[PDB]
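[1] Experimental structure and sequence below, a few questions after.
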Protein chains: 4
Amino acid sequence: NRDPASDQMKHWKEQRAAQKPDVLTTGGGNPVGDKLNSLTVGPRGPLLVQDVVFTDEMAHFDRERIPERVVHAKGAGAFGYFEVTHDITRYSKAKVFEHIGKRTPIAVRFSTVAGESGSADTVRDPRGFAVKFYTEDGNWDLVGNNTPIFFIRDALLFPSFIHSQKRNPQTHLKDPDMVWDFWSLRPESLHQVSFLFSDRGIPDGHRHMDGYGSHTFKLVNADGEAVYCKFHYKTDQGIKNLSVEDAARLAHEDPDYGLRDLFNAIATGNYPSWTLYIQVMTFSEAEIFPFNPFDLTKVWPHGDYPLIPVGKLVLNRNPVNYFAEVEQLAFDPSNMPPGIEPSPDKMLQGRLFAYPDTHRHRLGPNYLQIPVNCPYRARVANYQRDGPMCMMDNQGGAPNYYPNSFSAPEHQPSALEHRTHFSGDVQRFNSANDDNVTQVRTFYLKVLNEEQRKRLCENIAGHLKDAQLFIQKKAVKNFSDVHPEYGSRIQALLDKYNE
Amino acid sequence: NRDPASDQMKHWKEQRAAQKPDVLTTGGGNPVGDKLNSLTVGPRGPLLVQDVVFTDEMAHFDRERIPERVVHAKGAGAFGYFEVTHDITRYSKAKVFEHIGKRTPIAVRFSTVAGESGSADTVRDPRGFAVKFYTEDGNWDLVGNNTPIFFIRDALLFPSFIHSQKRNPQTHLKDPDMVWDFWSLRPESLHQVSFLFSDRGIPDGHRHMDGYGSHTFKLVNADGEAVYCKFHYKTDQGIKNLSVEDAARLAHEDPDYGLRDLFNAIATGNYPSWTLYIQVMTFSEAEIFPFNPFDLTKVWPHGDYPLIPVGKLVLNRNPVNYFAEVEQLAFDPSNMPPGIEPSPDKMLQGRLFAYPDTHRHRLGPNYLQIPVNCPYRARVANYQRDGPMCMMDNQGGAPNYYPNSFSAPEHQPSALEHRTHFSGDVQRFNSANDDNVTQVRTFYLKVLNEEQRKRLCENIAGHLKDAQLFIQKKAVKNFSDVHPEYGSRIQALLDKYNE
Amino acid sequence: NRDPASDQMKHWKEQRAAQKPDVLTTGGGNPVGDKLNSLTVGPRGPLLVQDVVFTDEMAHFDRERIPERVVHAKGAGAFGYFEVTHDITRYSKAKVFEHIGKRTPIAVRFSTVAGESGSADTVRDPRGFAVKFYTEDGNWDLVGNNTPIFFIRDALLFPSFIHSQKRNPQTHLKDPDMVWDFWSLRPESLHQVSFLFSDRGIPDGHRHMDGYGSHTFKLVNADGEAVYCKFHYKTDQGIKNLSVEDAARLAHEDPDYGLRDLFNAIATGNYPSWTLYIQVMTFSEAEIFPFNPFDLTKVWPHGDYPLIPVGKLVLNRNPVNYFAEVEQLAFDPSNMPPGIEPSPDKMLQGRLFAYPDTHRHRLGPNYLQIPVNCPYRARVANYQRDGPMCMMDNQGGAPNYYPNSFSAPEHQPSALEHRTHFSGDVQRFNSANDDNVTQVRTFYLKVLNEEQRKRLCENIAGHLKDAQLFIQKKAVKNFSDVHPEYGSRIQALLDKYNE
Amino acid sequence: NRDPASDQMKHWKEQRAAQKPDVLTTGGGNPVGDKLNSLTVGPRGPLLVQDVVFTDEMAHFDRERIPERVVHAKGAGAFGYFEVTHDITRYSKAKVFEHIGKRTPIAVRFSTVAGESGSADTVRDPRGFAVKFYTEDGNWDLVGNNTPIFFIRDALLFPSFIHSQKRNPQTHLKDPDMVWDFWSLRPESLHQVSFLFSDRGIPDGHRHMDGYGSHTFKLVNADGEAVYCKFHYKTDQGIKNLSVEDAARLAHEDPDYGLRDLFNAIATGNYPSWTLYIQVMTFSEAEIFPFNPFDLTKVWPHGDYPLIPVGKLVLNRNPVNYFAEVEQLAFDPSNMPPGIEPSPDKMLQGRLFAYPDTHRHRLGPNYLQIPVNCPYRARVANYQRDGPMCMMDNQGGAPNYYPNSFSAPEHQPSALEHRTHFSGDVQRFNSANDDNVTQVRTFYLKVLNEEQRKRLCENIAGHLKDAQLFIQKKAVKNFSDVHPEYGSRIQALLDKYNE
Ligand code: HEM
């Protein structure tokens, strides 16, 4: 016998006991008599528009594909839940953290980034780790990566970035000249660049990796007090990466490696877990931080801000229909229930917009009306109506303007966004030179040993080599700024690759 | 106080009862602490992106509109049932006729023909009478209208017709030349044109008008024997038209008069009803018939073809939410249960294609998933997946290829099309001159009496007059062919009309 | 020979006289043999899916309809130009007012608000007066209204407003209970509501109504020197409006009266024009202003803030294709070139989001490329790419990331937005009580004379009379808050109406 | 210096030199001041809605993606011309062949099949070969392949087939159980399934393979006589296939091998070319012939039906912008100028619908209006109007109904379709027994030599080595039904793989 994976269609007909098979039908529910031989005038004559069975199917077939994620197209998914094992109600008053043992059902999706839908899992790229919490207050999406930091700190340079990583407008090939001209001119990436070309670059599956909310957020307690926080949900399966070697063999032996490793893990019953933590920084402590507490290209050293365990993330159910439940999902950072709010983290401020923006496009206006995306542990109610493909509903014949004198939905002041005071002019404030080295240096010669320190200078040079020379220096320079040796090793290697 | 319609909100609230309102949430179900004031820095400062409340809402509002139906955009809808007051199971074996007494939930939408969503019901124009049956063998969309005949005999000239019947491409106004130039160049229109300007051109409210299927159809029984039939449903509310002045008045006082009439009649228990009948014709007779039995412009005389009583059509329910229940109601002439097949009606043949084609574009590739359209009385199982906005499970893990050896949906030798045998060179046979007078001449003389004739012409003469002298000639010319007098009688009015 | 609008097809045939007709082709360009009779196997047989002429033409016919603008569905559009005639450059460095005699192409559209596409023109309703300028610095849209004020003062209570106006979620009929229940609950509307029900609520055609910017905008000259402002452009054709009697008649007689009137004028050289002035309030003034200077329901009295002439708006070019030129026409208040900026007017701010947004839905992601919408007088060059229905050269090989060292477009540091200082807490400041009457009273008492006040209350009562009693009560109350006479004069009429 | 594909940007800057870079603007052409730092309230403050530079850019990015082709997603495309070399004026009256030395602009896209957009070029999968001839009679899309046969002879099966190749509905991974199950239960595949695993399964470069109109078509001369034919465009650069290990190496070393390879050729003057031939068969012969002369899994033998020469296919132009020219490219078999006509193929006929149809989905209603799809060597003129993103002018003010009396587009009898007399009942004729083994055996034996013969079994087994035995068996039952040793060798291999 094979693995639970391949034995899919197998484990399907079985459980289907001896119950006869459903009756093939058209979308209209008309029982199809013969769906193998099209209607034709004569055995060698043309086809009639009359074969609606055919028309009905081909028509549906011609419209399956929808736009793939603008980023993170390739990924895996599965559901499970979250459970409380610590009390942090002092910090946030969210319903998901209510009492201890408070298990909220979740939905998570792993994925790559730069590659398309046909791409393989096993390759150097950050990883998409987004959780969908279904809470009585509504849904809460923690759209996070496998790291607490990203490459850029101003949303505006993101589209340009994603481009710099994806194909060339003309050749449609991957273009290093682009990948590095951008990185080179934007040293802020330094930090997250180094993390990428580290060993973590390619985990073993989606399980032996770490999850983070990356950004800085804001918790609020039932007492109206607030404090900035950072979420870290480590892996209980342990950290594990794949040598550039395997990453390549796997790249072709099983392009969907990480994909079926997650399905079998849960099929065989070995459910992947993660222990959720959170750092904590008061506003007072925020004004003090030697750095921008809201800079996405920075971290809060654990020593100065220790981790507090909060919960256990347990994925235990495997998706049935992938399209409907995984590809069709929708993780929107904007979705945050009372007790949780965004920080003025310029990058975070960008996700507040983009996700619902695209979602409406990828899936359509009512993209939340999709089962997987619908917040069922809540009771959506308001003054919104219509839209294409309006399922449900449509919120019945209830009044549609606010305010109204007809007992239609009223607001709840208990969920008012926490009020903070901000002073200063309205201007395009430059964050470019917000120190893109320090924390980086203490990562090259403080977080990594000599072994991986080198594996880095090797990985990087192996790619940089392909970029125009003038580019290489503009890069070596920056790296150097993190530490001379850093740029020395790399540069060296390059020249050897440079013939 | 006033009418039930206008009392919509009232009642809704009284039913709502003492039940406290629902917490006003965002699309994501998150409660809103205050959906009346925006998040602005300062009481007179800028608006913030961070106001995902505003953006959430506003956004759905920006997508509230879907393209109105290409034709018959304005209308009203109601649900109810259908009863089997007779056993017509000798001709058609459709389960919707199974046994006397059986009932099948129906859905109907009345509509005008040309005017967009904002026009007025009380205007001369044919009328849409769609009857959707939710059977146990899929659905059945009998797209009827108040008239058994139409204007054209071949689809190809349909998109062209509707055009002439709408706004000039440059001015955007109703064009008399666009209208009459077309009607004059296509005599086959001579029939319905007459019926159109007659007293039936404006039926007083929906309840007071008949419904027809026009297209010759096919009824297959148990033995597989087949026949051609027509579908007529006479109104139990008796016929009632609206004088030009009484309608032309209601055009403003109440442009949605028809919509209100219906809702109101129902809301007051007074349900509109229709008896169903059909006309049966043998391939042999259809052979002998003096005309083309599938010529939409002609009718099967009562005498030669009496109407057999079928069952009843009760409208005892009003829509809850209009946009989700009526606006989206989609009727595809293709939905025919095993037992009702189309006919070689060149006109019908076209529709077979169009409805789903457009429904796939107005509502979406998965429109058959909309609650109203879904055949909730049968089990839809087939090999079609994905498509934007996939509701339900999408046949979960069930296979997707046919045939297959995994106990997936099967065939239905019983639901096989009937086998008719045609012959002749496959080409484009000009149907332009298949007697465009006979029946028109029988209408203008034996069906109408002098006062009814008088009207017809004045009605016609008053509209045709705005066309160019030349079209007027061409127009009158065709009328004389039906009958000398018809022509001159109208002509007369024109010369006067030309003051 | 009638009005130029009627003879549209005439002058066409005429226009291309000696020039022989072009060949009829499918979408693909292939020539069409016989476009009248579909390809049916046998003169009375089915329709071959092999017939492409049909399918091609039919499938397209099936997708002709796109959503109609969310609000202001029914309108009229013409193209003309703008000519500067006064140096106001000391207030805005906008390249549009650049210098005396300056000519900038414009495109305007007139509209109603609540009615859908079939809706009648001559009805009480504000009027849209959206201009589009194709300035050398990019398109500058100034979306004017036939009134310099609006009902609500916060963008959040807007979707609700429109809802109250349009059809009821259930019956689908206009609901006066809905309308007035709303206005009654938000007295800020008094001002505009009063204007609306005044003779000005039903202008005789588009040629007799002033256009306004309503919102306060911020102008910025060459020395980054700012100044708030109001946009006014009075008709040069004289203020004229249809009585309540002519309006109803026309309502059914000529639903497209505005269209017809506007088309004809131009068509016959009788070009309409508007002079554009602007009031100038300095930051120091907007400070001590007796009201919030960014409150859409208020106006800067001519007395303390004059009107400085700018130039003229002239329309002299009818649309050739309505759909392609007047329909797909989309204006974004967000489009403002260097020198013309927004104010903190909350009501305005929202608009910065919604117009481009909704457009991305109605017209489509790449709608900015639709001819009538492209800033043809400017040269786009950005890192934007792809999306459906992408024309032009998608900037071709051009680099796609920013910054880049490959000579792609750069940022002009001279068009950097002006910078203002705002301080305070950031939150939901409740601006529902910023005086909802003062100005209203001035309008009722000093702007209108008895003759007028008489029609107004009559008019208000005409509609309101139908709102449930408790609603009418609440309504008269407010009016009284403007003036005892106001509420009373109506009340009487009310009690009068109730038998 | 490196290859052309690598030096893409390098050249852009080079040639685009001696020119000040363009001004980076917005969608509306407004110059941006700084596109690197979003607008906020103070250095550490929230992002303002005011920032439109941001939104515009972001939203537009949030939509860059459109759905990929349901099949043949991964591909490379280029442009060239077709040159007549021989006179087959007698077989076709088609203008594209008018004379000797007649050039016609063509566009081409090569593509794998069951692989998603991100997949890798080199993999056992048929190659998509589609040429778009822009002729004076519009565009004639010759939607071919690198093989002259397919896996099934009935459209209906296609969706079911295609799904079998793609991913598993639940585990989303590629699944052999599905693969082989389909083929096992469907023997017609045999012929094409053999060719696949043959040495031709993985062609080296897109230039070292052939082209096969595949289907059977019809030809019509000026005198009206018709006949059937087979299209063949043999590679001039010669056939060069890739090994199995090599293929799987570039598979991850360079997954975009096709693109690069092909792009570089044309980039250096090494323009590839193909010779277009035609096999001819007269109706008479179409009668004598011995299995269905249209069976898509049957090829005419050069022996009895020889290869006639026609012309040259030369591709000497690379796309400037890929998304604009290749991604948006749309080839519709339904496009066919006079002289070329479909044939009964129960497979082809269906294609005539899937292509234009699925396009109205993937790209949009007016997709034929996208620059590369437009039939620019002709002149579209008809009665089709509107639809979203209506580019051009919608045809201006021309009359929109046919017929008309205003000199609008007329028709050409010259373009009438050939009339074939088809006799025989109208029903679903089984095609499962049309011989799916005779021709096949001839391959394995004749066309194939002992050497390659081995690499087939080895390959056909290397894959099937993952399908439940019960499946493996069924398969061997056919291969052997082809020829004893075929399944023999296979079965011998399979056993070892079964460890
Ligand atoms: C922030 C609140 C606003 C939002 C979200 C908003 C939204 C809309 C929407 C959805 C339409 C439909 C347009 C169409 O279908 O053609 C519209 C039309 C219009 N808006 Fe309002 N708008 C806002 C504020 C205003 C203000 C502040 C003005 C003052 C120019 C204005 C002027 C117009 C005009 C002129 C039209 C009609 C355009 C035409 O048909 O030519 N809007 N607006």
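    All right, it came through fine. Numbers count the residues shown, from 1 in each chain, chains lettered A, B, ... in the order given.

[2] longest helix of chain A?
    Secondary structure assigned by DSSP state H gives helix A:346-362 as the longest helix of chain A.

[3] what's residue A:99 sitting at in phi/psi?
    Backbone geometry at residue A:99, expressed as degrees, to the nearest 10, gives phi -110, psi 170.

[4] cool, and residue A:14?
    Note on residue A:14: its backbone torsions stand at phi -50, psi -70 [degrees, to the nearest 10].

[5] Spit out the contact partners of it.
    With contacts defined as CB atoms under 8 Å, 6 or more residues apart in numbering or on different chains, residue A:14 has no neighbours. From N, CA and C alone the C-beta is placed, and that goes for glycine too.

[6] cool, and residue A:58?
    Contacts for residue A:58 were tallied using CB under 8 Å, 6+ apart; they are D:155, D:158-159, D:350, D:353-354, D:357.

[7] before we move on, what about residue A:476?
    A:487, A:490-491, A:494.

[8] Also residue A:212?
    Residue A:212 makes contacts with A:129, A:144-148, A:230-233, as judged by CB under 8 Å, 6+ apart.

[9] Tell me how far it lies from chain C.
    26 Å (CB to the nearest CB, to the nearest Å).

[10] Excluding sequence neighbours, find me the nearest residue to that residue.
    Computed as CB to CB, 6 or more residues apart in numbering or on different chains, the closest residue to residue A:212 that is not its neighbour in sequence is residue A:148, at 4.3 Å.

[11] Give me the three-state assignment for that neighbour.
    Following DSSP: H, G, I helix; E, B strand; the rest coil, the label given to residue A:148 is coil.

[12] ok so, going back, tell me how far the very next helix or strand once past the longest helix of chain A is from the chain's mean position?
    Following helix A:346-362 in sequence order, the next helix or strand is strand A:420-427 (DSSP states H and E). From the chain centre to the centre of strand A:420-427 is a distance of 31 Å (CA atoms, centre = their mean, to the nearest Å).

[13] thinking again about what came up before, please render the contacts of residue A:58 as JSON lines that adds distance to chain A and neighbour count to the earlier fields.
    Shown next, in JSON lines, are those (distance: CB to the nearest CB, whole Å; neighbours: other CB atoms under 10 Å in any protein chain shown):
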{"residue": "D:155", "distance to chain A": "6", "neighbour count": "26"}
{"residue": "D:158", "distance to chain A": "8", "neighbour count": "21"}
{"residue": "D:159", "distance to chain A": "4", "neighbour count": "26"}
{"residue": "D:350", "distance to chain A": "7", "neighbour count": "23"}
{"residue": "D:353", "distance to chain A": "6", "neighbour count": "26"}
{"residue": "D:354", "distance to chain A": "6", "neighbour count": "21"}
{"residue": "D:357", "distance to chain A": "5", "neighbour count": "22"}
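
[14] Up against chain D, what does the stretch 201-350 of chain A have?
    Contact residues, the stretch 201-350 of chain A versus chain D (CB under 8 Å from any CB of the partner chain): A:248-249, A:251-252, A:256, A:259-260, A:263, A:292, A:294, A:318-323, A:326, A:344, A:346, A:349-350.

[15] can you rerun that using 6 Å?
    Taking CB under 6 Å from any CB of the partner chain as the contact definition, the stretch 201-350 of chain A meets chain D at A:248, A:251-252, A:256, A:260, A:263, A:320, A:322, A:344, A:346, A:349.

[16] just curious, which of these is nearest to chain C?
    Relative to chain C, the closest of these is residue A:344; by CB to the nearest CB it sits at 9.9 Å.

[17] Name all residues that make contact with that closest one.
    Residues in contact with residue A:344 (CB atoms under 6 Å, 6 or more residues apart in numbering or on different chains) are A:294, D:44-46.
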